[PDB]
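Asker: First, the structure itself, so that you have it in front of you.
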Amino acid sequence: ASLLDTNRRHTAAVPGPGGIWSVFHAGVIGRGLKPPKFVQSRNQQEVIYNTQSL
Amino acid sequence: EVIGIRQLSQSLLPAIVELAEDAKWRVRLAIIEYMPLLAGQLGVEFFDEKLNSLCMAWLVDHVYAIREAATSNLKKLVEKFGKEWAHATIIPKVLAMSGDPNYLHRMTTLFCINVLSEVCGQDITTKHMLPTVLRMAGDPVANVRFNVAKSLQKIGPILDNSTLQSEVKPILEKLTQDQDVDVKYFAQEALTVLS
Amino acid sequence: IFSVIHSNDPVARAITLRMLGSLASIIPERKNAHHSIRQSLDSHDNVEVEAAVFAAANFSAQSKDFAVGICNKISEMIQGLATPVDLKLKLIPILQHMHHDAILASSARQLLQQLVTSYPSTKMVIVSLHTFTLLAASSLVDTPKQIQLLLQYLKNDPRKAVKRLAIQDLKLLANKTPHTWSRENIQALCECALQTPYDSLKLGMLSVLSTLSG
Amino acid sequence: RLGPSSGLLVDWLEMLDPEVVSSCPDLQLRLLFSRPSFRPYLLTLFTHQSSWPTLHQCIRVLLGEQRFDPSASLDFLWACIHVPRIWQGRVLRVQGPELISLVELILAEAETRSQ
Amino acid sequence: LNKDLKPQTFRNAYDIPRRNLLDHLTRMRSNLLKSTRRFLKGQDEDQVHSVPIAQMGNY
Amino acid sequence: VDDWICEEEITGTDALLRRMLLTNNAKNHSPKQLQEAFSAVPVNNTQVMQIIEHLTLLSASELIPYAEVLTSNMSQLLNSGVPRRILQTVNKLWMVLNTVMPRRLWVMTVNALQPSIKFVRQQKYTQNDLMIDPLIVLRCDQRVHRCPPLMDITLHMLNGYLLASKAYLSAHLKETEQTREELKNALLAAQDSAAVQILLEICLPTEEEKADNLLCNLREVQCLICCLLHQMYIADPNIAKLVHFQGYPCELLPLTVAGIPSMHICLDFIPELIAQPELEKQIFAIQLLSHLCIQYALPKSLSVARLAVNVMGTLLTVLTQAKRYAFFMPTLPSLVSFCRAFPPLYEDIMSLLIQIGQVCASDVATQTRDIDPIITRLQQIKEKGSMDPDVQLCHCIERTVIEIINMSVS
């Protein structure tokens with residue numbers, strides 16, 4: 001629904017300079033916003049004893 | 001002053017309306033600066049027919065000086081044409097800018113509210129503008145957040161005194177422990193000014 | 001004209017079907033047109049189905065073979081539970097063109113009786129009774145018991161719309177076949193006019209009786 | 001007996017209950033599926049008028065206790081599959097006990113017909 | 001891909017990616033209708049402002 | 001023509017019912033009464049029906065005064081629990097009003113189907129605004145996307161306003177004349193393709209819907225959109241070509257292929273689409289061809305499928321490892337469809353699968369792996385994480401071979 005949502009965002013807040021609306025931005029850098037890339041860490045004790053087994 | 005405004009509307013108004021969309025922003029700035037005069041010399045009906053949309057078109061301008069001038073111009077326009085006209089024509093198009101994905105336009109609504117609370121009176125500021133101002137405290141952009149703190153400081157005097165501790169104070173308390181140092185500073189400055 | 005029935009556009013197919021229905025008088029017993037109607041009747045585009053119903057009406061009016069070949073399919077679409085009520089209403093007047101043969105007319109009569117007993121809505125019973133009246137007028141063998149049925153609905157059915165339709169149909173039959181009216185039919189109509197409280201219905205039955213008296 | 005007046009009551013039911021089965025569902029379930037000349041009209045109205053969650057609920061309560069006419073239920077299922085709104089411009093998921101009750105309904109219809 | 005097939009996204013609808021379809025549609029609409037006492041050029045930000053670096057600052 | 005042909009006679013039932021039901025001269029059903037019925041806080045849909053059902057007997061000319069009532073008050077019909085009879089009758093009356101005064105009706109309907117969140121900004125669109133930007137009609141309340149009557153209303157308006165925008169653009173060019181024609185043509189093509197893409201996105205299930213698949217409002221909406229897209233592709237096949245060069249999510253491919261009879265023309269430009277340098281366009285061409293081959297099994301379809309298999313084999317030796325993964329993960333299930341449609345392709349498809357599997361086994365052997373499918377070598381049918389791309393592609397090859405075999409043995 002990327003284009004559907006984009007069409008929703010195109011609702012003009014003001015009527016426009018001459019009754020015709022143009023989008024504010026000149027484009028999008030890259031593929032938009034980057035993902036947050038959330039990290040994950042396991043238990044440190046289990047890491048210690050996995051290292052111990054190895 | 002020489003030819004009156006009937007001849008202005010007949011001859012020069014279509015030409016200046018064409019200049020409200022000029023490539024250079026100082027031309028548009030001049031047109032904004034000359035809108036209060038025309039407004040003060042024209043009726044609500046004609047201004048709404050021709051020039052109100054022009055006044056709204058500038059709030060979304062790329063240049064910040066144009067947006068600032070248009071915001072300051074809204075105060076004079078409301079002073080001239082009363083606050084019912086503002087509630088019918090000005091306010092809905094300003095509130096729509098609050099939901100905009102660009103933070104420049106959200107900050108523009110905060111500036112518009114800053115200049116509009118003074119002239120719109122206690123009731124309009126309390127029930128129409130304040131709920132929109134409060135919901136922007138959860139914004140992800142720190143700039144919008146500390147401008148919310150600034151706005152709540154500024155529209156504090158012209159709000160009714162009943163909604164201060166109930167509504168404005170919890171939001172400022174939430175903002176004064178925010179992660180951004182500027183949001184903290186402006187929230188605590190607002191907290192002092194609220195007394 | 002017929003080459004446009006093969007278009008993938010259902011609107012073009014609908015216009016072609018309507019044209020074929022309009023040209024039915026100069027091309028009855030045209031087998032390709034018959035097959036086109038039959039294929040478009042079970043189409044999934046409502047405009048094509050409506051055009052097929054219109055063309056089926058025209059071709060059943062014109063050609064006997066199409067009527068006998070289509071009566072079973074029309075019956076199964078009408079009685080089919082998947083058909084909406086609106087399309088059922090649109091389909092019932094096809095049965096008024098089943099007068100080409102005595103057995104065909106009798107089968108259509110039986111189907112219409114099944115419809116009036118099994119679909120007693122105001123719209124459905126009105127369309128079915130009008131179609132039954134027209135079929136009886138065209139076949140003029142079931143006309144006495146059609147008059148008896150209409151008088152039964154006029155006397156018994158409490159809906160003012162159904163009574164009004166019964167009055168209109170009896171006026172049509174009086175205009176068409178006054179000689180077929182029995183003494184018992186006129187007695188029943190007179191009794192109905194006597195014991196009805198509503199003045200509009202009474203005026204209608206007296207219009208029928210004044211048509212008969214002339 | 002409600003011989004001639006059945007049509008008026010059916011019309012009033014159509015005008016009063018919009019979704020056919022919305023108020024007192026037990027009575028309308030008895031009307032649609034039970035041991036009625038006007039039944040196919042009400043079945044058509046229910047098929048082409050009720051909302052899809054209502055039709056799904058009716059399907060679930062039909063397929064789980066001899067309480068429903070097998071012929072009416074099977075015709076209703078076949079109609080629900082072939083609704084013209086579903087195929088405009090031109091296959092159902094069922095579970096274990098649902099399929100068991102479905103084949104039981106088919107067998108019941110066959111036994112009633114016999115040969 | 002070639003060097004000479006510079007995307008005339010205003011003049012050719014096949015050069016517009018799906019993700020950029022709506023905003024660029026708005027842009028070409030504005031470029032067409034709002035050209036009253038303006039300029040009817042090709043695509044801004046491509047035909048212009050993608051100058052070769054040698055001519056970038058040839059004041 | 002759909003607005004005109006609906007005025008054509010069918011069997012005269014409407015005339016008979018009008019004559020026998022409307023002559024009771026109980027004309028109490030004024031638009032004001034309908035407005036009061038719509039405005040009742042404990043709203044009674046039954047009473048609402050008792051009026052609008054009577055309005056189906058009315059002629060289009062005498063249905064004019066009710067238009068503002070059953071248009072302005074029909075944002076309420078999007079609320080839950082509203083009967084489908086009410087919506088169907090509103091759709092019918094909307095069509096009867098569209099026959100007689102479509103332009104004013106469309107403007108009022110667009111202004112009535114606004115989302116109405118910040119409805120103090122009641123954006124009152126005019127005819128000029130909608131002719132400039134026909135995509136306004138698709139910025140309606142989200143509930144219209146699962147209301148098949150009001151979706152049908154919206155689709156009628158969308159088609160009408162796209163045509164109106166064509167006319168308006170030509171008129172504006174002629175006026176401003178005293179190239180630009182190419183700019184206009186590109187703008188109209190972009191507008192129509194954008195409309196098609198938005199409708200296709202409407203056809204997708206939402207995340208909430210993701211959380212029968214045939215008996216739902218979504219299926220009805222998909223059928224209506226497929227009907228409209230069928231009409232647009234018939235009107236201009238270049239729009240279909242542009243839409244498929246843009247592409248859309250592959251989840252809609254069986255939907256569009258089954259529901260749109262116009263797609264047999266897609267076999268004409270699939271060889272051109274395959275020739276594109278973008279990998280995504282070639283992937284979409286392969287998947288589209290697979291679905292079409294499932295639908296239309298024709299000698300031309302077989303020839304294009306042979307071309308597709310040859311292209312796959314060719315660029316198996318052109319793409320790098322990352323590109324190989326990216327191209328072959330979505331397009332490998334499509335090879336099952338070619339096998340289903342064309343048994344003569346068994347030799348070529350199995351040979352290609354053997355080549356891909358051997359290449360991917362070599363790539364697996366290149367580096368150390370967490371799974372190492374080389375040493376498994378004898379697994380049974382492993383019916384169903386962040387794994388290596390190469391082992392994933394190996395498993396995908398195994399799974400598609402299993403699907404090909406199972407289809408050909410059951």
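Within each chain, counting starts at residue 1; across the structure tokens, chains are named A, B, ... in the order shown, with ligands numbered 1 upward in that order.
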Can you write out as a tab-separated table which residues of chain B fall within 10 Å of chain F, alongside each residue's closest atom pair and its distance in Å to one decimal, counting only C-alpha atoms and ordering rows by chain and ascending residue number?

Answerer:
```
residue	atom	partner	partner_atom	distance
B:87	CA	F:120	CA	9.2
B:88	CA	F:120	CA	8.6
B:89	CA	F:121	CA	9.0
B:90	CA	F:121	CA	9.9
B:91	CA	F:121	CA	8.4
B:92	CA	F:121	CA	4.6
B:93	CA	F:121	CA	6.4
B:94	CA	F:121	CA	9.1
B:95	CA	F:121	CA	8.0
B:96	CA	F:121	CA	7.1
B:99	CA	F:118	CA	9.5
```

Asker: Can I get the selected residues back with C-alpha atoms, as a compact mmCIF listing (two decimals), in the first residue's frame?

Answerer:
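And here is the file that came out, result19.txt:
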```txt
# COMPACT_ATOMS: atom_id res chain seq x y z
CA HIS B 87 -12.45 29.99 12.19
CA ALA B 88 -14.20 29.50 8.85
CA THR B 89 -11.31 30.08 6.43
CA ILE B 90 -7.96 30.34 8.23
CA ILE B 91 -7.94 27.70 10.95
CA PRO B 92 -8.87 24.52 8.95
CA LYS B 93 -6.08 25.03 6.43
CA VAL B 94 -3.61 25.73 9.23
CA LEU B 95 -4.56 22.61 11.22
CA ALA B 96 -4.09 20.42 8.13
CA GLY B 99 -0.45 16.35 10.09
```

Asker: Give me the residues within 6 Å of stretch 17-29 of chain E as a list in words, counting only C-alpha atoms and dropping any in the same chain fewer than 6 places off.

Answerer: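 Close residues of stretch 17-29 of chain E: residues 22 of chain A; 10 of chain E; 246 of chain F.
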
Asker: Those selected residues, please, written with N, CA and C atoms and delivered as an mmCIF file, in the first residue's frame.

Answerer:
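Written out: result.cif:
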```
data_model
loop_
_atom_site.group_PDB
_atom_site.id
_atom_site.type_symbol
_atom_site.label_atom_id
_atom_site.label_comp_id
_atom_site.auth_asym_id
_atom_site.auth_seq_id
_atom_site.Cartn_x
_atom_site.Cartn_y
_atom_site.Cartn_z
ATOM 1 N N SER A 22 1.631 20.978 -6.256
ATOM 2 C CA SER A 22 2.884 20.321 -6.584
ATOM 3 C C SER A 22 3.504 19.788 -5.302
ATOM 4 N N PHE E 10 9.764 13.414 -17.924
ATOM 5 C CA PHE E 10 8.610 14.233 -18.274
ATOM 6 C C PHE E 10 8.090 13.872 -19.659
ATOM 7 N N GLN F 246 5.960 -1.059 -15.217
ATOM 8 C CA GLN F 246 6.096 -0.591 -13.843
ATOM 9 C C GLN F 246 6.085 -1.757 -12.867
#
```

Asker: Out of F:92, F:156, F:241, F:382, which residue has the shortest atom-to-atom distance to chain E when counting only C-alpha atoms?

Answerer: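 Smallest distance to chain E is found for F:241.
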
Asker: My list of candidates is D:57, D:66, D:73, D:22. Which is closest to residue D:40 when distances are computed with only C-alpha atoms?

Answerer: D:73

Asker: In Å, with one decimal, what is the gap from atom CA of residue E:14 to atom CA of residue F:166?

Answerer: 18.9 Å

Asker: Just list as an MDAnalysis selection string whatever in chain B DSSP marks as helix (DSSP H, G or I).

Answerer: chainID B and resid 6:19 25:33 35:40 44:50 52:60 64:99 103:138 142:154 163:175 181:194

Asker: Could the residues in this selection be saved with C-alpha atoms as a compact mmCIF listing (two decimals), in the first residue's frame?

Answerer:
```txt
# COMPACT_ATOMS: atom_id res chain seq x y z
CA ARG B 6 -11.49 50.22 -7.04
CA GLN B 7 -8.89 51.12 -9.65
CA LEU B 8 -6.37 48.85 -7.90
CA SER B 9 -8.72 45.87 -8.16
CA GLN B 10 -9.52 46.80 -11.76
CA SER B 11 -5.95 47.28 -12.99
CA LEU B 12 -3.17 46.10 -10.67
CA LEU B 13 -4.72 43.25 -8.66
CA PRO B 14 -4.51 40.62 -11.48
CA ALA B 15 -0.90 41.66 -12.04
CA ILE B 16 0.11 41.39 -8.38
CA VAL B 17 -1.76 38.08 -7.98
CA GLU B 18 0.48 36.80 -10.78
CA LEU B 19 3.45 38.03 -8.72
CA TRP B 25 11.05 35.21 -3.08
CA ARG B 26 11.61 38.90 -2.34
CA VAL B 27 8.84 39.73 -4.82
CA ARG B 28 6.50 37.39 -2.95
CA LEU B 29 7.70 38.97 0.30
CA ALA B 30 6.69 42.41 -1.00
CA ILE B 31 3.27 41.06 -1.99
CA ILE B 32 2.81 39.57 1.50
CA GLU B 33 3.88 42.88 3.05
CA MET B 35 -1.63 42.23 1.73
CA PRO B 36 -2.77 43.88 5.06
CA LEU B 37 -3.34 47.19 3.22
CA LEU B 38 -5.52 45.51 0.58
CA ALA B 39 -7.31 43.44 3.23
CA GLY B 40 -8.04 46.55 5.30
CA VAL B 44 -14.47 39.70 3.45
CA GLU B 45 -16.28 38.39 0.36
CA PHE B 46 -13.89 39.80 -2.24
CA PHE B 47 -10.79 38.89 -0.24
CA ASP B 48 -12.04 35.32 0.21
CA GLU B 49 -12.84 35.13 -3.51
CA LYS B 50 -9.42 36.34 -4.66
CA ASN B 52 -7.41 34.22 0.93
CA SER B 53 -6.04 31.22 -0.98
CA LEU B 54 -2.97 33.31 -1.81
CA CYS B 55 -2.49 33.94 1.91
CA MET B 56 -2.73 30.19 2.52
CA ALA B 57 -0.50 29.25 -0.42
CA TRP B 58 2.45 31.04 1.18
CA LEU B 59 2.37 29.02 4.40
CA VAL B 60 3.77 26.03 2.49
CA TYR B 64 11.27 30.30 5.40
CA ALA B 65 11.08 34.10 5.17
CA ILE B 66 7.94 33.76 3.04
CA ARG B 67 6.35 31.41 5.58
CA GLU B 68 7.29 33.74 8.45
CA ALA B 69 5.89 36.77 6.64
CA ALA B 70 2.68 34.91 5.81
CA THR B 71 2.35 33.79 9.43
CA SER B 72 2.79 37.36 10.67
CA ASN B 73 0.35 38.48 7.97
CA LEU B 74 -2.30 36.09 9.34
CA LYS B 75 -2.35 38.10 12.58
CA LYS B 76 -3.20 41.31 10.71
CA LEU B 77 -5.75 39.49 8.56
CA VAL B 78 -7.54 38.14 11.63
CA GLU B 79 -7.36 41.59 13.25
CA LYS B 80 -9.10 43.03 10.21
CA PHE B 81 -11.70 40.39 9.36
CA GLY B 82 -12.50 39.09 12.84
CA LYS B 83 -12.10 35.65 14.34
CA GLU B 84 -15.26 34.06 12.90
CA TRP B 85 -13.73 34.53 9.45
CA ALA B 86 -10.54 32.98 10.82
CA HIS B 87 -12.45 29.99 12.19
CA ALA B 88 -14.20 29.50 8.85
CA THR B 89 -11.31 30.08 6.43
CA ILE B 90 -7.96 30.34 8.23
CA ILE B 91 -7.94 27.70 10.95
CA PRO B 92 -8.87 24.52 8.95
CA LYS B 93 -6.08 25.03 6.43
CA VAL B 94 -3.61 25.73 9.23
CA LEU B 95 -4.56 22.61 11.22
CA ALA B 96 -4.09 20.42 8.13
CA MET B 97 -0.41 21.42 8.10
CA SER B 98 -0.01 19.83 11.56
CA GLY B 99 -0.45 16.35 10.09
CA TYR B 103 8.52 18.89 10.06
CA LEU B 104 8.91 22.33 8.47
CA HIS B 105 5.15 22.49 8.04
CA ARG B 106 4.44 21.30 11.59
CA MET B 107 6.77 24.00 12.90
CA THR B 108 4.93 26.41 10.61
CA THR B 109 1.65 25.54 12.35
CA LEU B 110 3.30 26.11 15.71
CA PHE B 111 4.38 29.57 14.51
CA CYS B 112 0.89 30.22 13.13
CA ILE B 113 -0.61 29.24 16.49
CA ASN B 114 1.92 31.56 18.19
CA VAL B 115 0.65 34.53 16.22
CA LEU B 116 -3.00 33.38 16.14
CA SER B 117 -3.63 32.82 19.85
CA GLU B 118 -3.21 36.55 20.50
CA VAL B 119 -6.02 37.57 18.15
CA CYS B 120 -8.34 34.54 18.19
CA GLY B 121 -9.34 35.00 21.84
CA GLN B 122 -9.65 32.67 24.80
CA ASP B 123 -12.27 30.23 23.51
CA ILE B 124 -10.83 29.47 20.06
CA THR B 125 -7.30 29.11 21.44
CA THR B 126 -8.57 26.83 24.20
CA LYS B 127 -10.75 24.42 22.25
CA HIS B 128 -9.51 24.47 18.63
CA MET B 129 -5.79 25.23 18.76
CA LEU B 130 -4.63 23.80 22.10
CA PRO B 131 -5.57 20.10 21.48
CA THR B 132 -3.60 20.24 18.23
CA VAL B 133 -0.64 21.83 20.04
CA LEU B 134 -0.62 19.19 22.79
CA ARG B 135 -0.67 16.16 20.48
CA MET B 136 2.61 17.27 18.87
CA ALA B 137 4.54 16.62 22.09
CA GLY B 138 5.00 13.02 20.96
CA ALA B 142 13.12 17.34 18.60
CA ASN B 143 12.67 20.67 16.79
CA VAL B 144 8.90 20.26 16.73
CA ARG B 145 8.96 19.22 20.39
CA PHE B 146 10.81 22.22 21.75
CA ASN B 147 8.79 24.51 19.50
CA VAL B 148 5.72 22.94 21.14
CA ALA B 149 7.25 23.92 24.48
CA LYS B 150 7.84 27.45 23.16
CA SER B 151 4.27 27.68 21.83
CA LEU B 152 2.78 26.50 25.12
CA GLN B 153 4.86 29.19 26.81
CA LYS B 154 3.61 31.79 24.33
CA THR B 163 -6.76 24.31 31.44
CA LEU B 164 -3.22 25.26 32.49
CA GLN B 165 -2.55 22.84 35.34
CA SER B 166 -4.88 20.16 34.01
CA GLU B 167 -3.68 20.05 30.39
CA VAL B 168 -0.64 22.24 29.68
CA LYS B 169 1.33 21.32 32.81
CA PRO B 170 1.46 17.48 32.32
CA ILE B 171 2.75 17.92 28.76
CA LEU B 172 5.46 20.33 29.90
CA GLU B 173 6.39 17.91 32.70
CA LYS B 174 6.72 15.13 30.12
CA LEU B 175 8.83 17.42 27.93
CA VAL B 181 18.70 18.91 25.83
CA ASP B 182 17.02 21.73 23.87
CA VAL B 183 13.58 20.25 24.54
CA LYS B 184 14.47 20.12 28.24
CA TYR B 185 15.63 23.74 28.24
CA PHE B 186 12.61 25.17 26.47
CA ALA B 187 10.20 23.01 28.48
CA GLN B 188 11.69 24.22 31.76
CA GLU B 189 11.67 27.84 30.55
CA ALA B 190 7.98 27.37 29.78
CA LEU B 191 7.51 25.83 33.23
CA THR B 192 9.00 28.91 34.89
CA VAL B 193 6.99 31.33 32.73
CA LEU B 194 3.75 29.50 33.56
```

Asker: Starting from chain E, keep only residues with some atom at most 12 Å from an atom of chain B, counting only C-alpha atoms, and report them as number ranges by chain.

Answerer: E: 34-39

Asker: Please, which residues of chain A lie no more than 9 Å from chain B when the count uses only C-alpha atoms, and can they be set out as a VMD selection string?

Answerer: chain A and resid 9 12 to 19 24

Asker: Go ahead and dump the residues you just picked, C-alpha atoms, as a CSV table (one decimal), in the first residue's frame.

Answerer:
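New file out_5.csv:
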```csv
chain,number,residue,atom,x,y,z
A,9,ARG,CA,-0.3,12.0,1.8
A,12,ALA,CA,-3.2,19.3,-0.3
A,13,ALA,CA,-3.2,21.1,3.1
A,14,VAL,CA,-3.7,24.4,1.2
A,15,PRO,CA,-5.6,24.9,-2.1
A,16,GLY,CA,-2.2,25.6,-3.8
A,17,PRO,CA,-0.7,28.5,-5.7
A,18,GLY,CA,-3.2,28.4,-8.6
A,19,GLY,CA,-5.6,25.7,-7.7
A,24,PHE,CA,7.1,19.8,-1.8
```

Asker: Give me the residues within 9 Å of residue D:63 as a list in words, counting only C-alpha atoms and dropping any in the same chain fewer than 4 places off.

Answerer: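 My list of contacting residues is residues 58, 59, 97, 98, 99, 100, 101, 102 and 105 of chain D.
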
Asker: With N, CA and C atoms kept, could you save the residues just selected as a PDB file, in the first residue's frame?

Answerer:
```pdb
ATOM      1  N   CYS D  58     -23.749 -18.646   9.609  1.00  0.00           N
ATOM      2  CA  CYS D  58     -24.786 -19.586   9.195  1.00  0.00           C
ATOM      3  C   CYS D  58     -24.171 -20.874   8.664  1.00  0.00           C
ATOM      4  N   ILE D  59     -23.062 -20.759   7.929  1.00  0.00           N
ATOM      5  CA  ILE D  59     -22.362 -21.937   7.423  1.00  0.00           C
ATOM      6  C   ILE D  59     -21.844 -22.773   8.586  1.00  0.00           C
ATOM      7  N   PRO D  97     -14.427 -31.735  11.126  1.00  0.00           N
ATOM      8  CA  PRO D  97     -15.837 -31.929  11.512  1.00  0.00           C
ATOM      9  C   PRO D  97     -16.817 -31.249  10.571  1.00  0.00           C
ATOM     10  N   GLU D  98     -16.431 -30.106   9.995  1.00  0.00           N
ATOM     11  CA  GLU D  98     -17.279 -29.426   9.022  1.00  0.00           C
ATOM     12  C   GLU D  98     -17.493 -30.300   7.790  1.00  0.00           C
ATOM     13  N   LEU D  99     -16.412 -30.901   7.283  1.00  0.00           N
ATOM     14  CA  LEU D  99     -16.515 -31.796   6.133  1.00  0.00           C
ATOM     15  C   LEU D  99     -17.322 -33.043   6.477  1.00  0.00           C
ATOM     16  N   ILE D 100     -17.160 -33.549   7.704  1.00  0.00           N
ATOM     17  CA  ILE D 100     -17.914 -34.719   8.150  1.00  0.00           C
ATOM     18  C   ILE D 100     -19.408 -34.414   8.155  1.00  0.00           C
ATOM     19  N   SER D 101     -19.783 -33.260   8.705  1.00  0.00           N
ATOM     20  CA  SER D 101     -21.188 -32.875   8.700  1.00  0.00           C
ATOM     21  C   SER D 101     -21.695 -32.612   7.286  1.00  0.00           C
ATOM     22  N   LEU D 102     -20.831 -32.109   6.399  1.00  0.00           N
ATOM     23  CA  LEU D 102     -21.230 -31.889   5.011  1.00  0.00           C
ATOM     24  C   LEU D 102     -21.545 -33.200   4.298  1.00  0.00           C
ATOM     25  N   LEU D 105     -24.746 -34.550   5.559  1.00  0.00           N
ATOM     26  CA  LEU D 105     -25.886 -33.890   4.929  1.00  0.00           C
ATOM     27  C   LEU D 105     -26.154 -34.451   3.537  1.00  0.00           C
TER      28      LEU D 105
END
```

Asker: When you look at residue D:19 with a cut-off of 8 Å (counting only C-alpha atoms), what residues show up, excluding the ones that are within fewer than 6 positions of it in the same chain? I need them as a PyMOL selection string.

Answerer: (chain D and resi 46+49-51) or (chain F and resi 83-85)

Asker: Rounded to one decimal, what separation in Å do you get between atom CA of residue A:10 and atom CA of residue F:139?

Answerer: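 Distance reported for this atom pair: 8.6 Å.
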
Asker: Compute the set of chain E residues within 6 Å of chain F, using only C-alpha atoms, and express it as a list in words.

Answerer: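 My answer is residues 11, 12, 13 and 18 of chain E.
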
Asker: Would you write out those residues with C-alpha atoms, as a compact mmCIF listing (two decimals), in the first residue's frame?

Answerer:
```txt
# COMPACT_ATOMS: atom_id res chain seq x y z
CA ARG E 11 8.63 13.24 -21.96
CA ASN E 12 8.45 9.46 -21.41
CA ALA E 13 6.29 7.66 -18.86
CA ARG E 18 6.83 2.71 -9.60
```

Asker: Which residue is closest to chain A? Choose from E:53, E:40, E:48, E:33 and count only C-alpha atoms.

Answerer: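 The shortest atom-to-atom distance to chain A comes from E:33.
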
Asker: State, in Å with one decimal place, the distance from atom CA of residue C:85 to atom CA of residue C:115.

Answerer: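 Between atom CA of residue C:85 and atom CA of residue C:115 the gap is 12.1 Å.
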
Asker: For chain F, list the residues within 6 Å of chain D, counting only C-alpha atoms, and write the list as a count of residues only.

Answerer: 10

Asker: Do you have, as JSON lines, the list of residues of chain A lying at most 7 Å from chain F, each with its nearest atom pair and that distance in Å to one decimal, counting only C-alpha atoms and ordered by chain then number?

Answerer:
```
{"residue": "A:1", "atom": "CA", "partner": "F:201", "partner_atom": "CA", "distance": 5.3}
{"residue": "A:3", "atom": "CA", "partner": "F:198", "partner_atom": "CA", "distance": 6.0}
{"residue": "A:4", "atom": "CA", "partner": "F:198", "partner_atom": "CA", "distance": 5.4}
{"residue": "A:7", "atom": "CA", "partner": "F:139", "partner_atom": "CA", "distance": 6.5}
{"residue": "A:8", "atom": "CA", "partner": "F:139", "partner_atom": "CA", "distance": 5.5}
```

Asker: Output the selection as a PDB file, in the first residue's frame - N, CA, C and O atoms for each residue.

Answerer:
```
ATOM      1  N   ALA A   1       0.825  -1.202   0.000  1.00  0.00           N
ATOM      2  CA  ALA A   1       0.000   0.000   0.000  1.00  0.00           C
ATOM      3  C   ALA A   1       0.863   1.257   0.000  1.00  0.00           C
ATOM      4  O   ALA A   1       0.443   2.299   0.502  1.00  0.00           O
ATOM      5  N   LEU A   3       1.856   3.054  -2.610  1.00  0.00           N
ATOM      6  CA  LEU A   3       1.257   4.069  -3.467  1.00  0.00           C
ATOM      7  C   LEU A   3      -0.081   4.545  -2.921  1.00  0.00           C
ATOM      8  O   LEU A   3      -0.428   5.714  -3.085  1.00  0.00           O
ATOM      9  N   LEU A   4      -0.842   3.662  -2.276  1.00  0.00           N
ATOM     10  CA  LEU A   4      -2.094   4.075  -1.648  1.00  0.00           C
ATOM     11  C   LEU A   4      -1.834   5.085  -0.535  1.00  0.00           C
ATOM     12  O   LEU A   4      -2.468   6.148  -0.478  1.00  0.00           O
ATOM     13  N   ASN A   7      -0.738   8.334  -1.973  1.00  0.00           N
ATOM     14  CA  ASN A   7      -1.885   9.094  -2.451  1.00  0.00           C
ATOM     15  C   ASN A   7      -2.607   9.774  -1.302  1.00  0.00           C
ATOM     16  O   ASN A   7      -3.098  10.897  -1.453  1.00  0.00           O
ATOM     17  N   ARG A   8      -2.699   9.100  -0.152  1.00  0.00           N
ATOM     18  CA  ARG A   8      -3.278   9.746   1.026  1.00  0.00           C
ATOM     19  C   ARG A   8      -2.468  10.970   1.436  1.00  0.00           C
ATOM     20  O   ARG A   8      -3.035  12.021   1.748  1.00  0.00           O
TER      21      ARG A   8
END
```
